[PDB]
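One structure is given below, represented as structure tokens, and several questions about it will come after.
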Amino acid sequence: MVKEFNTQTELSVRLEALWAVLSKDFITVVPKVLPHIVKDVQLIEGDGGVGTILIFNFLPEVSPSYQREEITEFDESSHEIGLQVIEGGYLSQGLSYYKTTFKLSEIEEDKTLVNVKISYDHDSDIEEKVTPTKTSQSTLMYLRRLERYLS
Ligand SMILES: C/C(=C\CNc1ncnc2[nH]cnc12)CO
Ligand SMILES: C/C(=C\CNc1ncnc2[nH]cnc12)CO
């Protein structure tokens with residue numbers, strides 16, 4: 001049954017700048033900020049909203065070499081976006097379910113809170129590399145790299 005992991009980070013960026021890159025402008029940015037993992041991102045169906053499907057192609061050394069994710073929620077007024085891994089990536093490493101929801105809120109003009117909810121499951125005992133204590137660390141690293149990209 002699906003379990004949850006929650007964490008958060010405060011970033012020294014304006015909410016609207018972080019929202020744009022997180023929710024809309026990430027196609028060219030992901031490979032630039034994660035050049036040690038992500039080669040490119042392809043938008044393959046949809047126009048950026050719910051149902052949009054993305055392929056992340058990873059570096060040649062990486063197995064699986066890609067991950068397919070779908071935007072499963074998108075709310076512009078509450079600044080929430082959710083992405084579910086639907087093929088490859090963690091699903092090829094022992095997970096049966098993996099979704100990441102980001103919600104932004106303004107702390108001050110140049111401080112933005114990002115709440116991160118990870119939902120996941122696995123049918124058997126799993127390796128550390130797919131524990132959400134570990135997967136969340138990768139996600140927080142990406143968020144802090146966006147902050148740096150924007151600064
Ligand atoms: C395109 C976006 C996020 C991309 N996907 C992920 N971003 C950060 N950590 C993850 N873990 C699994 N999938 C992800 C939002 O900018
Ligand atoms: C299973 C793999 C990567 C997990 N996916 C991600 N890992 C780290 N950052 C990301 N941004 C978007 N997707 C990811 C490939 O080794």
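A Cβ is built for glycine as well, from the same backbone N, Cα and C atoms used for every other residue.
Sharing the feature lines straight out of Swiss-Prot:
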type    : residues                                     : note
BINDING : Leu22, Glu69, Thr139, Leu140, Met141, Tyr142 : trans-zeatin 1 binding site
BINDING : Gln67                                        : trans-zeatin 2 binding site
BINDING : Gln67, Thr139                                : gibberellin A3 binding site
Note down the number of other Cβ atoms within 10 Å of the Cβ of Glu69 (trans-zeatin 1 binding site), including every protein chain shown.
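Looking across every protein chain shown, the total is 21.
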What binding-site residues among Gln67, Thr139, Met141, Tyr142 have a C-beta sitting less than 6 Å from any atom of ligand 1?
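Cβ under 6 Å from ligand 1: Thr139, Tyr142.
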Among the binding-site residues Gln67, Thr139, which residue has the largest number of other Cβ atoms within 10 Å of its own Cβ?
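Neighbour-count leader: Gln67.
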May I ask which residues of the same chain, at least 6 positions away in sequence, place their Cβ under 8 angstroms from the Cβ of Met141 (trans-zeatin 1 binding site)?
none
Roughly how many angstrom lie between the C-alpha atoms of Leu22 (trans-zeatin 1 binding site) and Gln67 (trans-zeatin 2 binding site)?
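Counting only the Cα atoms, the answer is 18 Å.
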Using Cβ-Cβ distances, find the residues under 8 Å from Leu140 (trans-zeatin 1 binding site) that belong to the same chain and are at least 6 apart in sequence, listing them in sequence order.
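Within the chain, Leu140 (trans-zeatin 1 binding site) has Cβ neighbours under 8 Å at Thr7, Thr9, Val116.
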